[PDB]
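Protein chains in written order, with PDB author numbering: chain A, 1 to 38, 46 to 54, 58 to 278, 283 to 439; chain C, 205 to 239, 244 to 291; chain D, 147 to 198; chain B, 1 to 44, 47 to 360, 369 to 441. Ideal placement from N, C-alpha and C gives every residue a C-beta, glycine not left out. A short worksheet on the structure shown next.
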Amino acid sequence: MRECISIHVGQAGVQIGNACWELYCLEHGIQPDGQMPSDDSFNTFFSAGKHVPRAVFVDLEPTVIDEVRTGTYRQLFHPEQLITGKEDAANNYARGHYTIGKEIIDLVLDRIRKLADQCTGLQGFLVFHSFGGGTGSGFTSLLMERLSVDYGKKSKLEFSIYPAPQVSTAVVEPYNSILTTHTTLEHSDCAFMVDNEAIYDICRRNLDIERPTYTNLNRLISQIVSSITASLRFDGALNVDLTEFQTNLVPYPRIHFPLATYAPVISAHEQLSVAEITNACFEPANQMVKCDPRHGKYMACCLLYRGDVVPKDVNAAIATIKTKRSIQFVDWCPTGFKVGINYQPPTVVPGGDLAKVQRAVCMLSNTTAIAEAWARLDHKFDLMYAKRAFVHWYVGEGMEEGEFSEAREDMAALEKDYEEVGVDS
Amino acid sequence: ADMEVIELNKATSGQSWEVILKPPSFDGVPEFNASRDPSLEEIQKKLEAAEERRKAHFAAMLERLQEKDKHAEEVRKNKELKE
Amino acid sequence: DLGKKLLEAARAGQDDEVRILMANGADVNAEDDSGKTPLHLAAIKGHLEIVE
Amino acid sequence: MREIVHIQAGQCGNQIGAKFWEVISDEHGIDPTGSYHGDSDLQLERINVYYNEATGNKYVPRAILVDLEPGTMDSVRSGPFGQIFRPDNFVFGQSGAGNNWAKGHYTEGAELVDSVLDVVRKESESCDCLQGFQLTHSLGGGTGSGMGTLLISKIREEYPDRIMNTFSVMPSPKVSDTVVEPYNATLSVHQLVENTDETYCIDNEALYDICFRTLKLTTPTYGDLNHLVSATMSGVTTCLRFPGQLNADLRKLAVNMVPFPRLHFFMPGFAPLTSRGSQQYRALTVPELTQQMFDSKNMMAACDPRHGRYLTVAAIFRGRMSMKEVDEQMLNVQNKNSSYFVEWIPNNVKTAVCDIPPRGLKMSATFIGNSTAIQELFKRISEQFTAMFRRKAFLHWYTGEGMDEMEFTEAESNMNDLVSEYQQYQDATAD
Ligand SMILES: Nc1nc2c(ncn2[C@@H]2O[C@H](COP(=O)(O)OP(=O)(O)OP(=O)(O)O)[C@@H](O)[C@H]2O)c(=O)[nH]1
Ligand SMILES: Nc1nc2c(ncn2[C@@H]2O[C@H](COP(=O)(O)OP(=O)(O)O)[C@@H](O)[C@H]2O)c(=O)[nH]1
Ligand SMILES: [Mg+2]
């Protein structure tokens, strides 16, 4: 009786949600028609023997969600929880938040409310969205505000797609990213940033995919998202509730962006040991967000294992990693790790690019190095904002120029928060 | 060798514990920001303000286009004066 | 045929091409689709030497 | 479903509009009767953007055909695809504009405009979700220039929240000897600067030079000039007609291409450049495609892109090719030619790839640039305008229609301001 509602906003959130629910189904033996022929901890994510995902898909245009209600999982979700408008936010935060958002926010809240009615102990939300899209950025912050008013005591986790120029579709994505981050900063309890370039490089290097597509990326993303939710979906021992992510990973409310590192990513081979995959957690080439944690300091570090993992091997791997690597923590934090083993084996999509592994690990850490991702975004915002390039598209929608300064000042404050947390004595 | 293992939980499909290598050096809780409730009435007030700003923008554009129409009628009347 | 070539050269200001076409026997009063001769074209385009 | 309403005005607008429909119809498998006969499902996936589905599974262009010249109706109806157009969407006058912008904008054009607005209102209300409008027209004549810009202004009043896109043919004394064409073009540019969201500058000067110098045609005809126009229009609209991620609608294209509202005049380019009757022996490689489409010899506006800077660029690659090779080549031209790209708009060059190539080509590429070098086109028109305007030459043809001389002064000044704004952003630095 501790249900979680997944909310997928815009194209990226919807397509990532497809990959995530596809993997949840394989890991829980649920067929595309909702039937499972085979612990009832999966009931936190799935409600005449049919199992319907506790999810809501929202997009301001229908082409993406139309593929969902037409594809292999057309009978998995109820038609009511797939919400689409007629006109998208045209890569503009102001359209998604103000112009087109206003028209369907009540309908989306009503559909979310129907899933909340089916809950005897709602824990909170998992919101999947892009930073750069008009809907992903504008509609999500609008929705996050409402969710705080209507469901005050509930937790709100994010899985945010950070922009990469290799797969970027709009020049104004840095504007949308800063605008959304500023406005949803007070309404998110923990947010897992997924840099599209970090994922793209893992597909190119570890999977040998010459030019990765959203399919290649989303399957990798889903694999990491699944590791983070395995604790909530199965009867695990670490991260058993949404409130446990704030307890374990976020020490201060504004510093709520943990870095996720996953290992092993192997192309579809002798099995990699516990020590080998634990060492990969400290290599920056395996992270969700491109940054260097070796330059910054840690305030929280969780190792989430899956499959054949013996606690004896985990402790020996951690013992060697401290004596061979420099893993500095902030003065006010104990240098240590919260370990969790989820006996459920790592599951991959049968035809996918990832290989089946006997054991896998996902390290969730709160490092000050993640501020590098903010700095890169803030720089691109500054280059354009100094000339007011594209700002007329936002102002024309009813937004004020002052909202940009407000959001950017909050970003400088956030970068300065990461700086303060990191000094000594 | 200075490793302290604190067994946290043991469940049906899981097992958790903490591994303390070293305690914090700063013996206290520091001050950096340390942090209230947004209202629906306040949200709707900002959303309505933007809605009216957008409406004013379209009204200004329409006023400008309608002045072109008044001008066009003046042009048509001016031709009439000649022949 | 030489009349079309003479009209192109008169419009394009090709002084030497006109001199060659004239020596090869092109019709000086050849007309374009609008009844304009090479003189009309050189007059429109301002090629004084071609007019002369 | 993101519908576009197409409007074609005047002799040029109707000539290039007809070629646009003949070309995109072939790509989508639509014959002159409106029937579909294709192999690919990608042909019909986004057919709704340009075509209405009539009873009997027929497809009919969402196109309005306008001209004050009555004889234009017969030439459109007699074309290869004249049969496909909705008969009630043909709105023709009896008295032409006689190469006079004032006649098309204020007098004969104004007499016919409500008949056109009735037909655009009907196509617009029938749309599930209208994106905006696309107008094909020339700026050197009277109907396309004057009446086309009058239509833009009236359409903007009723549909202010829709994208206004135009394919505006710029005049050149290389292709037309009409003395007043710089007047008509300056008056039109003044209208376009204020009332359109994005404009493709199809310059008759560049078209003539491509035919003469590159294609080796001693005397290019309008057919030769229009082969380049249709090839361009097909390329620049590929993203709107086929399934894709980037610049898939007129609004997302404008957010990507226009950083300052007035700076919305695009320099179109394409590769490989071909004439009518020229066969392709082999397909271009990705480096040949990338190099050619950025070349000044491949631009549809007579401007040197190395005399300005690119504010934004949209590159569309058509056909089956390596996306890894495309990305490498796109990064290569930007890193090798870094001084012709503004450093204060990061990642300003967006690249799309569509699997379906145009007719007779296995591989092709279309370029759309918003370059500060476009001021070369405006300065050329401004100079021609000024030469006549200081002599008060031919003004009675315009003031005789009720026009005020002050309108010419206002239009000249606005276009000259536009030129100064491009120069301001060309000289801007990322401080
Ligand atoms: N990893 C990943 N990123 C995606 C996906 N689809 C889009 N993106 C990224 O998301 C950003 C674009 O935003 P979208 O999510 O497409 O936009 P949207 O939320 O639908 O918003 P509008 O189209 O403006 O209404 C870019 O950074 C893309 O690279 C996807 O399936 N996976
Ligand atoms: N590219 C091209 N330019 C044309 C065509 N027809 C006319 N023009 C140009 O358009 C201008 C004359 O405008 P036109 O369309 O004939 O006049 P309207 O009927 O009054 O709109 C001149 O600059 C011509 O060179 C055509 O088919 N193709
Ligand atoms: Mg979208």
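Proximity test, Cβ basis, 9 Å: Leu270(C) and chain A = Not closer than 9 Å to any Cβ of chain A, the Cβ of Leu270(C) fails to qualify, so no.
Specify, as a first and last residue, the run of the beta strand (DSSP E) that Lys352(A) falls within.
-> Here the beta strand (DSSP E) through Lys352(A) covers 349-356.
Compute every distance between the C-beta of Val74(A) and the non-hydrogen atoms of ligand 1, then say whether any falls below 8 Å.
-> yes
Closest Cα partner of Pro89(B) within the set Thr292(B), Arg64(B), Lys105(B) | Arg64(B)
Against chain D: residues of the segment 217-251 of chain B by CB proximity under 9 Å | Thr220, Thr221
Given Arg311(B), which residues of its chain have a CB within under 6 Å of its CB, disregarding the five upstream and five downstream residues?
-> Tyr342, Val344, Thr382, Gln436
Going by the beta-carbon positions, is the gap between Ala270(A) and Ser241(A) smaller than 9 Å?
-> no
What's the call for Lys254(C), buried or exposed, on a 16-neighbour Cβ count within 10 Å?
-> exposed
Nearest-angstrom Cβ-Cβ length linking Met332(B) and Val351(B), presumed shorter than 8 Å | Indeed, because the Cβ distance is near 7 Å, the residues count as touching under 8 Å.
Identify whether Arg284(C) lies in helix, strand or coil by the three-state DSSP scheme.
-> helix
What residues come near ligand 3, if near means a beta carbon less than 5 Å from any of its heavy atoms?
-> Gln11(A), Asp98(A)
Given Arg214(A) as reference, the closest of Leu230(A), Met154(A), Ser54(A) once Cα atoms are compared | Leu230(A)
Member of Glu160(B), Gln11(B), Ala440(B) whose CA lies at the smallest distance from the CA of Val78(B) = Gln11(B)
Apart from the five residues on each side of it in sequence, which residues of its chain come closer than 7 Å, Cβ to Cβ, to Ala180(A)?
-> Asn101, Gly142
Taking 8 Å as the threshold, find out whether the segment 241-250 of chain A comes into contact with the segment 208-222 of chain C through three or more Cβ pairs.
-> Verdict: yes, contact present.
Relative to the C-alpha of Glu71(A), which residue among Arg79(A), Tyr103(A), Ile93(A) is closest?
-> Considering only alpha carbons, the answer is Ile93(A).
Meets three-Cβ-pair contact criterion under 8 Å: the segment 98-115 of chain A and the segment 400-414 of chain A = yes
Mark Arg272(C) as exposed unless 16 or more other C-beta atoms lie within 10 angstroms of its C-beta, in which case mark it buried.
-> Exposed, since its Cβ has fewer than 16 Cβ neighbours within 10 Å.
Between the CA atoms of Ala65(A) and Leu132(B) - distance to the nearest angstrom = 31 Å
Is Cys12(B) near ligand 2, with its Cβ less than 8 Å from a heavy atom?
-> yes
Which residues mark the beginning and the end of the beta strand (DSSP E) in which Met269(B) is found?
-> 267-273
Relative to the C-alpha of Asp206(C), which residue among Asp199(A), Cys315(A), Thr349(A) is closest?
-> For the set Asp199(A), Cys315(A), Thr349(A), the Cα lying nearest the Cα of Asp206(C) is the one of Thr349(A).
At what residue ranges does the segment 191-248 of chain A contain a whole run of the beta strand (DSSP E), taking only runs of 3 or more?
-> 200-205
Quick one: is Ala258(C) near chain A, going by C-beta distance under 9 Å?
-> It does; some Cβ of chain A falls within 9 Å.
Mind checking whether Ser430(B) and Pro274(B) have CB atoms under 9 Å apart?
-> no
Give the residues of chain B in contact with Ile190(D), contact being defined as C-beta atoms less than 9 Å apart.
-> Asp179
Under 8 Å Cβ to Cβ from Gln128(A), same chain only, skipping five residues before and after it: list those, please.
-> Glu3, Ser54, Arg64
Which whole-angstrom value describes the C-beta separation of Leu86(A) and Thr361(A), a residue pair presumed to lie in contact below a C-beta threshold of 8 Å?
-> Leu86(A) to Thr361(A), Cβ: 17 Å. No contact.
In terms of DSSP beta bridges, what is residue 463(A) paired with?
-> Residue numbering for chain A in the displayed model covers 1 to 439; residue 463(A) lies beyond these limits and cannot be assessed.
Does the beta carbon of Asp277(C) come closer than 9 Å to any beta carbon on chain A?
-> no
With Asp69(B) as the anchor, note down where its beta strand (DSSP E) starts and where it stops.
-> Note, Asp69(B): beta strand (DSSP E), 65-69.
Three-state secondary structure assigned by DSSP to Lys372(B) | coil
Could you say if the segment 395-408 of chain B and the segment 176-192 of chain B meet the contact criterion of at least three C-beta pairs nearer than 8 Å?
-> yes
What did DSSP end up calling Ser140(A) once you bin it into helix, strand or coil?
-> strand
So with Cβ pairs under 9 Å, would you call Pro162(B) a contact of chain C?
-> yes
Interface partners of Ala280(C) on chain B, CB under 7 Å | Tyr108, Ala112
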